[PDB]
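Each chain is listed here by its residues.
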Amino acid sequence: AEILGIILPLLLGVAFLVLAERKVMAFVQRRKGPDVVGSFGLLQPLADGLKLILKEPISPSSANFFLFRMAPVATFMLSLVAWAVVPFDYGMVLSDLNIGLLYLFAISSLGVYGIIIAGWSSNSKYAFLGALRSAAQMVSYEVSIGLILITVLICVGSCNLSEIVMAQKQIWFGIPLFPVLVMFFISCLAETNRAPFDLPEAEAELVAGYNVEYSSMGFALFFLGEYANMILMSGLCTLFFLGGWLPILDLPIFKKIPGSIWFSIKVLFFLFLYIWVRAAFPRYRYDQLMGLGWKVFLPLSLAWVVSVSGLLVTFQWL
Amino acid sequence: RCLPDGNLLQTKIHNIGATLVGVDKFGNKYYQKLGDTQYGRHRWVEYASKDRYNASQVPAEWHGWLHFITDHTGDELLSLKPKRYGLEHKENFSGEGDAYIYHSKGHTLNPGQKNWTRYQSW
Amino acid sequence: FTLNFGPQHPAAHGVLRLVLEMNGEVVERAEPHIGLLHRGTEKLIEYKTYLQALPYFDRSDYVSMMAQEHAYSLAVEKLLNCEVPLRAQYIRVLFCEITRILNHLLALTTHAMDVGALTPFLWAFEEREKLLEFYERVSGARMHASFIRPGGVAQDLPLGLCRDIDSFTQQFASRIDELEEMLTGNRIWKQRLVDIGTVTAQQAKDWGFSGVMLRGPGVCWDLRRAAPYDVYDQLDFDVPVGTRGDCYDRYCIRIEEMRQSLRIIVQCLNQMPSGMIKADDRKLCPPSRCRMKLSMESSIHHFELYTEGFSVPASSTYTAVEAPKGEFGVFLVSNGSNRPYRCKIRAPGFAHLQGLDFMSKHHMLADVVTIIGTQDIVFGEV
Amino acid sequence: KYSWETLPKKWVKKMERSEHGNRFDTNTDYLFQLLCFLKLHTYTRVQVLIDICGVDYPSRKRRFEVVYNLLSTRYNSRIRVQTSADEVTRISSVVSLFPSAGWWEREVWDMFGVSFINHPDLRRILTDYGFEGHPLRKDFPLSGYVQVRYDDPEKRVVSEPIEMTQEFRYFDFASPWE
Amino acid sequence: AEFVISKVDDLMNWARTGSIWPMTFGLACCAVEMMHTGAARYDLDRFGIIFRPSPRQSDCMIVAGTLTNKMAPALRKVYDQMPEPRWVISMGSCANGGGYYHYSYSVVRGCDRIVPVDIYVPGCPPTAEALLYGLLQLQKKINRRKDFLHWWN
Amino acid sequence: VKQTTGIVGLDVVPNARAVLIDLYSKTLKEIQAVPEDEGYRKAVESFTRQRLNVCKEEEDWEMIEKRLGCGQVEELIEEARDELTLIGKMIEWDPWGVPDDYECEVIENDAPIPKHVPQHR
Amino acid sequence: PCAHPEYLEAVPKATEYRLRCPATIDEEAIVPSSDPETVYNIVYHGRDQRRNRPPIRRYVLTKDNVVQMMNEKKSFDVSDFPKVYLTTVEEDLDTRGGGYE
Amino acid sequence: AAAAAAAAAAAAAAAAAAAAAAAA
Amino acid sequence: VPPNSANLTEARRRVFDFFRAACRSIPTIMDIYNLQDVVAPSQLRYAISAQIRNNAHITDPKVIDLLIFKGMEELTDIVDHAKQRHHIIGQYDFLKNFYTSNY
Amino acid sequence: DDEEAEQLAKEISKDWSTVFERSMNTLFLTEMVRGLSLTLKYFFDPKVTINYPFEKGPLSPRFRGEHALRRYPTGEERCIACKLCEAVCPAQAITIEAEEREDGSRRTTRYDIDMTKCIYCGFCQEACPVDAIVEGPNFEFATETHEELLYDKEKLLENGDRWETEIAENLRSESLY
Amino acid sequence: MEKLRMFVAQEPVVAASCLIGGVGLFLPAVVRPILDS
Amino acid sequence: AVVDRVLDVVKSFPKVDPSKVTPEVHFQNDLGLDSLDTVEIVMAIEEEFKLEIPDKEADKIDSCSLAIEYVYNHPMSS
Ligand code: SF4
Ligand code: SF4
Ligand code: SF4
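Residues numbered from 1 in each chain as written, not as in the entry; some residues may be left out. Chains lettered and ligands numbered in written order. Part of a larger assembly, values for the part shown. Heavy atoms only, no water.

Regarding how it was determined, this PDB entry cites cryo-EM in its header, along with a resolution of 3.8 Å.

Under the annotation held in the PDB entry, chain L carries the name ACPM1 and is attributed to Brassica oleracea. For this structure, the PDB header gives the title as "Assembly intermediate of the plant mitochondrial complex I".

Under the PDB entry, chain F has the name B13 and belongs to Brassica oleracea.

Next up, the structure:
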């Protein structure tokens, strides 16, 4: 149907995000990133792809095809189905669910399955414990994202994402709850792995940390999944806190105010922030990381639900 | 131009302010963009073979000026290349078929595989 | 529970082949495996002259090249009694110190890339590709500059090298500041390094650390202040000495030792006497190309010094300089002949990597790469 | 030197030098006892075993010469206690005094073959796993005995056959008149 | 005609020559020179080369430094788990041929004894540009593959 | 009053003088078990007597350091305790006395050393 | 708001650096080989360093000599003891020269 | 596990040179 | 281990100790390297005994100590997966020479 | 002691409007925003990179790259077979066999440098008396096959005639040293 | 109080959560009854 | 029981002659074996009967009859 018009452009978005990350994180390091393949490396994603596709397997092993040949399919299908409820402009959400937000929460709770299964089917004790650690991290910064969304929900009326982005016509929730945006970003960094928070994704421990039978398709699908999960969890820091598709409302004469273009600009800002913050900060070691999701972003998230509930109950701002 | 498929586009994004200092026999156009900025990026070469180019196509007359070892453009060292034994460049035909690649004198691919036995058999 | 923790990122720590006996995530013992980079250096040097022996030293520590040629040269001048000029000493230090900078710029930001900070690596490696414009300009090879020969130094600086080293030193305080502003303040750095691999001074002495891992613990011991082996007794510089011993002190030292090395570079630049480049003793220093061609007696020495060698007299000395890794000393027994005789190379990283066993006990498995970071373990010397 | 007056005369048994770094060529029996002295002593505090240099003199009767270097971070001095142990003489190990001696003595045994007494984990550190022979000796040829390693039908395996290579060209540079 | 085969080979070769991620067996200094070839000045992420830290997904393997007789089995075991369209680059004299340590007992006389090599970056400490030119020669070796034309015999 | 020894691990001892007096009295008492005509006993006796004397005279640790110029009193305690270990060790495997033959070869060479080599300061 | 106190203005990009490329001999270097006093005075045995050294004097000590020395060493008075290499640590931020060397 | 955790508290940064700053 | 071999008796005692050690360790050898099918325990005992007997004419005690040490090294590197297995399976008149070479 | 050290290192920062400073520099991650700001400054600054095949890194006339046997301006290989470089070579790469040619002047029948078994230390350039063997700044000679990398007897090292225009320049500028 | 400052220094995020949360448990406790006008 | 199997393992031993083997045969007297062969036969005993035979006692079995009186008395006989 029109699900093609949201999966194919998202596939291109992820394929070009691998290049956007390499290129931005390279510009940060005073060096041009992928720059020979395409006019500006623009074909470099297609080169990575068409290479991974043409790489002969290390072992065919098509026998075990129901266990872990559909688990990356599951992870990727979840990362892609959480895009339905995400609205790009007024009346551009594919399916306006009146409980949209809780549906995103459930999609994350199933991504936990994706990780756990795709790690258990890899019969590698080190890789399986790594996948379990990554799942426990992704699920420990999910109580903090949960409470952050309860804050941005108290501010809004309903869970309807189109309403949460329509409830910011007066002011984006990034301005009053900026401390919360910093906690949602630092959680979306940690919910997904791509972050200062990626010890399970320490350059080596990642590849040997998701599966044993790569065949290339598994490697690409995990990275395509991580980069879509990243485009998504950056398309949430821009619905909830930044104005989903809202301008600054100055109503310029030069600017005809397209909606989806504003949503795009903001999700680009948060993707660039993902990259910038991957470049400039050391990893957290997963032993200070789990002690940051419980001892730092849960108390500071609980306080925020009580602060944004109080300050909105006393003065009847609800 | 017409190559959005190479980093040759980065060189052609140079040359916008650069001056062309000479061009060797093979056609490689040697450019210089000094003064502006970014030392180390103020001398390059446009290989005049927009595909199938590679390094080492830069002759010895210019391979000095282009690596910043000297300040003598190849149009100035060409009055110093020796006429009696001077030899043109060879592009480093490494792998491009035999009789272009180099071979030792026993490789069995070299025409005239010499025998090293110091004793002259009877 | 045994885990074969190998090279996490190859091309940074090449042949690291620890065999960790873990306890969940807490490491109970780390057993490093050596020999994967054991080239026959301590045997091959017994088979070649004292000149042919020098190139092995730049290949002993591959991130701080000239410090080992400077430790060897000072071991074939300890025997030869070969007094080198003042300019040879000043150049020899201006390059041993440029090498200290070349090493700390790598051993900090390769460590900082193992910890996770990706950008300090590439900034420091642009700095290192500026300093290799000095190595490559003064000798020829960007890394292995077989330049600090036994008598003096191979050949004089080009006529534009001090100006360029100055134009680099002016802009190098800022690069250290950036490497520092990006890593020193970070709470993700301190957390990854504070109280990591703490070495009480008795342990750093016992295990013969003698480097930036002996001045972390607070033992004020620099063999440029203890045993001044060049103009070092003339040059002013403060040896930064830690107060806790944790991998965050050794980093702060290596990032201050990278500034005091800048002081020493600027001094060696500002006071470099226009003297001869090699020892005048032409039976220990091959005469210049111009002289050996014009003088018959110089030609004979150029022939018996590039074929025969010195034949340094019979003795046995342990000359140890302060290489960036630590006290790199070359114990050079010398039979009277022109070839050395068991040129044993005490190389820090053989004593430091011993320390990994007790440094990384009860540290989490992700710390075992931070320890290997701050030890500056380069396996060429191990 | 103060160290020679206090030291029991028997411990510095054979030799003693006075330049190029001072040394106490002692006997193998009194070695770890001599290393116990010079450390844990108020006026001689070394505490730092810098190096353990095996040296092989084939023309001696006690072939090897295990040269223990020693730095004294306190008094800023360096002493080189030596020994002499042939191929089949287990020499006392000083890993109990200076724990850095562990790997240095593993290397001395690997390269040379001077086994160390009561040294825990005395195992070939540098050479290959199945290495037979002791490299840094003199009679060990440079190119090794069986040390070429190539891949073969025994797939995923590199064999260890007898060695053959361009002959190492030994040049007899040494000139008469010394 | 055959033209379609020629263009599909051009396309496969453009892919395998654009994105060629090597498992950089960075043993020794030639790994420090390789790190300079991965550093800011000579980008290797420009040419697509992404230094993989695992042998599992890697088009190439830039063995550098002295392949020791003890690191020979490990290099072979790593080379055996690269996906079949793999190549090997020998970087530095010690890795390509016997090198400074040709006659060392513990040093293999060039990785050409363990893995089959496709481009030997020359020069004992190759200039970072020299390793870069060795990789730009591996790119040529890809551009001369035409695997589809050979699959059609 | 001493904040901390710069050295790590050598913890500052408040009762420096008292434990130093204890250790030096123990050392003087324990050294009696070695023969008198041994350089080791003359040395131990002499420097232990000097340090015990200067520790009894002066009161502050700072004055102990200032007069007895041997670093810090914590390192001094380390030295004294290590000396006690050595005397209790030397009692065992007694090396005192010169044997009958005692072939000791003072290979005292004196090569001139260039001084741009390290040596020491 | 960062490490730019009008001092990072010394930036890495030089743009005027190695202005005289190395192999361009604008000035011909001289690089003296020998000191002027040692050009026309080539007497060597005075200047010699390899072989101009006192020979090794390896003399044996027998029991008589060392018991004589032990009896001669009456007491270990101070200054018969090795001096300590005294080194204390002292905090300093940028006082050496004022941060400018 | 009772293993000693890496306590990320410490004393504040104070550059500690050696005593030979001015006059050795 | 200190060379208590002040006589051939102690050396022979520890030779028997090492022999008992290797024999009682043959199980793990056969397990880790999978020789329980190609080689019989009788044959591995035979090979260990032929080793200890091939070097039985050593009237020197310290040489026997060092031989036992090399043997313990070999065993400890065979017990653990330090060395491979394709050598363990291998470890277990004039005219016919003249026709081949000159040596 | 670590307990008391912690108590005191936390009683050093224990005065209001200092606890507040540290709390607002560990909550509004402020040490980290100085990292992000520097990283941004470098994201926008010019890039120290080099599009290699078209422009190459700076070198020096002393640069040691591909070995080349020089010739005298009037032909005649400069390499009289003294074997000094074969002697000085640390890796023993150069194998020299000499024969009185028919002209009568000594010359090398075999001058084979094994580049793979060669450390590029420039000892041969120093040891050669007539500057017969020099390292050309080539450094770009990666070969598909190892046998090509062994530079034959005086035939491929004789390709220095092409590089003479740069080798003569580097020697004319380095001979002052 | 000295121990209060020792607690808001050693643990900033549980002492600025019991104060970014007091402002939420304190506004409707007293500030809302104040808003009777 | 145990006597039969100790006899069989002495017989099948690759360094003996089945003829001279007897319930009275001796390793050095009638078998003519080396002490190493004795310890090897003892190892055969303790691997065929699964016993953990200490070396201090294993040294003292010099004849097959002592092998019998030491394989019987093991309370852990197999
Ligand atoms: S070939 Fe040369 S540069 Fe390369 S690793 Fe070996 S010694 Fe180092
Ligand atoms: S640089 Fe010259 S002398 Fe040195 S190894 Fe290479 S060929 Fe031999
Ligand atoms: S290259 Fe030089 S050293 Fe070698 S044979 Fe020719 S002249 Fe002699």
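Peer 1: Before we move on, can you summarise the arrangement of the chains with the specific residues and values?
Peer 2: Separating chain C from chain I is a minimum C-alpha gap of 11 Å, and the two share no contact. Without any contact between them, chain A and chain L keep their closest C-alpha atoms 35 Å apart. (Contact = heavy atoms within 4.5 Å.)

Peer 1: Which residues make up the packing of aromatic side chains, and what are the values?
Peer 2: Going through the model one piece at a time under the given rule, you end up with 79 aromatic pairs over all chains. When the centroid spacing of 5.2 Å and the interplanar angle of 15° are considered together, the rings of A:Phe272 and A:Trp276 count as stacked. In this pair, A:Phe272 and A:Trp276 both sit in helix 11 (residues 259-279), four residues apart, roughly one turn of the helix. The pair A:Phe272 / A:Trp276 is uniform in exposure class, with both members buried. Here a set of aromatic residues connected by ring pairs shows up, and it is made of A:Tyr210, A:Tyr214, A:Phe219, A:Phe222, A:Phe223 and E:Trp21. (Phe/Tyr/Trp six-rings, centres within 6.5 Å; stacked < 30°, edge-to-face > 60°. Helix = DSSP H or I, 4+ residues; strand = E, 2+ residues; numbered from the N terminus. Buried < 20%, exposed > 50% of the residue type's maximum accessible area, 1.4 Å probe, protein only.)

Peer 1: Please give an account of the sheet that holds strand 2 (residues 89-91) of chain E that cites residues and values.
Peer 2: Residue and element names in this part refer to chain E. Strand order in the open sheet made by the three strands is 1-2-3, with parallel pairing throughout. Pairing within the sheet leaves two strands with one partner each, and these edge strands are strand 1 (62-64) and strand 3 (119-121). Sheet twist, expressed as the average angle between the axes of neighbouring strands with direction ignored, equals 20°. Two strands pair when backbone bridges link them, and strand 2 and strand 3 are joined in this way by three bridges, in the parallel orientation. (Pairing = 2+ DSSP bridges. Axes fitted to C-alpha atoms, helices over the stretch in contact; angles between N-to-C directions.)

Peer 1: Outline the sheet that holds strand 3 (residues 106-114) of chain J, supporting the account with residue identities and numerical values.
Peer 2: Ordered in space as 2-3-5 (chain J), the three strands form an open sheet in which the pairing is antiparallel. Each edge of the open sheet carries a strand with a single partner, namely strand 2 (94-100) and strand 5 (150-151) of chain J.

Peer 1: I'd like a description of the site of ligand 1, backed by residues and values.
Peer 2: Every residue near ligand 1 is listed here: C:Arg59, C:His144, E:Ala28, E:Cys29, E:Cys30, E:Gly65, E:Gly92, E:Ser93, E:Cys94, E:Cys124 and E:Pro125. Bordering ligand 1 are residues originating from chains C and E. Among the secondary structure elements, those contributing two or more residues to the shell around ligand 1 are helix 2 (29-37) and helix 4 (93-96) of chain E. By residue class, the composition of the shell around ligand 1 is six nonpolar, four polar and one charged. (Near = heavy atom within 4 Å. Nonpolar A, V, L, I, M, F, W, Y, C, P; charged D, E, K, R; others polar.)

Peer 1: Describe the packing of helix 1 (residues 16-30) of chain F against helix 4 (residues 73-90) of chain F, naming the residues involved and giving the relevant values.
Peer 2: All names here are of chain F. Following both chains from N to C, one finds helix 1 and helix 4 inclined at 20°, their axes separated by 10 Å at the closest point. When the interaxial angle is binned, helix 1 and helix 4 end up roughly parallel. In terms of crossing hand, the pair formed by helix 1 and helix 4 is left-handed. Contact with helix 1, carried on its side by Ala 16, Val 19, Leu 20, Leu 23, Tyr 24, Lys 26, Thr 27 and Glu 30, involves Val 73, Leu 76, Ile 77, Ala 80, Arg 81, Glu 83, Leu 84 and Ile 87 of helix 4 and no other residues of that element. Along the lines of polarity and charge, the residues of the contact of helix 1 with helix 4 split into 11 nonpolar, one polar and four charged. (Parallel < 35°, antiparallel > 145°, perpendicular 65-115°, else oblique. Left-handed = near helix turned anticlockwise from the far one by under 90°.)

Peer 1: Lay out the interface of chain F and chain G with the relevant residues and their values.
Peer 2: It is common to give the size of an interface as the accessible area that goes away when the parts come together. Across the boundary between the two partners, chain F contributes 28 residues, which contact 25 residues of chain G. In total, chain F and chain G occlude about 2000 Å² of area from one another, counting both sides; carbon and sulfur atoms represent 63% of this. Among the residues of chain F in contact with chain G, F:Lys42, F:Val98 and F:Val106 are the three that bury the most area, contributing 21% of the side total. For the pair chain F and chain G, the interface holds zero salt bridges. (Buried area = accessible area lost by both parts, 1.4 Å probe. Salt bridge = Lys/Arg side-chain N within 4 Å of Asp/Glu carboxyl O.)

Peer 1: Mind laying out the pairing of strand 5 (residues 327-334) of chain C, listing which residues take part and the relevant values?
Peer 2: All names here are of chain C. By the criterion of burial, strand 5 is predominantly enclosed, with eight of the eight residues buried. Burial along strand 5 is two-sided: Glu 327, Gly 329, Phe 331 and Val 333 and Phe 328, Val 330, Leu 332 and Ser 334, pointing in opposite directions, are all buried. Looking at chain direction, strand 4 (residues 315-322) and strand 5 are connected through eight bridges and run antiparallel. By the bridge assignment for strand 5, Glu 322 is matched with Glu 327. The hairpin turn running from strand 4 into strand 5, its antiparallel successor, is four residues long. Bridge analysis of strand 5 against strand 6 (residues 343-346) gives four bridges, and the strand direction is antiparallel. The residue of strand 6 that forms the bridge with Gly 329 is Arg 346.

Peer 1: Please provide a residue-by-residue account of the side chain of E:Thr66, values included.
Peer 2: Among the structural elements, E:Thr66 can be located in the loop between strand 1 and helix 3 (72-79). Excluding anything up to four places from it in sequence, E:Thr66 contacts C:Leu37, C:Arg39, E:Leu27, E:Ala28, E:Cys94, E:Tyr101 and E:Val107.

Peer 1: Describe the interface of chain C and chain D, listing the residues and the values that go with them.
Peer 2: At the junction of the two partners, chain C supplies 50 residues and chain D supplies 49 residues. Where chain C abuts chain D, roughly 4300 Å² becomes buried across the two surfaces, and 59% of that area is made up of carbon and sulfur atoms. When the area that chain C buries against chain D is broken down by residue, the three leading residues are C:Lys43, C:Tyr341 and C:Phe350, summing to 15%. At the junction of chain C and chain D, the tally comes to seven salt bridges. The partner of D:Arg78 in a salt bridge is C:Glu327, and the shortest N-O contact between them spans 2.3 Å. Our count for the contact surface shared by chain C and chain D stands at 19 residue pairs in polar contact. Elements that contribute at least two residues to the side of chain C that touches chain D include exactly helix 1 (41-44), helix 10 (201-206), helix 13 (296-308), strand 4, strand 5, strand 6 and helix 14 (352-359) of chain C. Sorting elements by how many residues they give to the side of chain C that touches chain D places strand 4 of chain C first, with five residues. For the side of chain C that touches chain D, the per-class residue count stands at 20 nonpolar, 14 polar and 16 charged. (Polar contact = N/O pair within 3.5 Å; in protein donor to acceptor, adjacent residues only side chain to side chain.)

Peer 1: An account of helix 2 (residues 35-48) of chain L is needed here, citing residue identities and associated values.
Peer 2: Residues and elements named next belong to chain L. Under the 1.5 Å per step criterion, the end-to-end length of helix 2 is 20 Å for 14 residues, consistent within 8% with the ideal 20 Å. Turning to helix 2, its buried residues are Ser 35, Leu 36, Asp 37, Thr 38, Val 39, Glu 40, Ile 41, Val 42, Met 43, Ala 44, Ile 45 and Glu 46. Sitting at the head of helix 2, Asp 34 places a side-chain oxygen 2.6 Å from the backbone nitrogen of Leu 36. (Expected span 1.5 Å × (residues − 1).)

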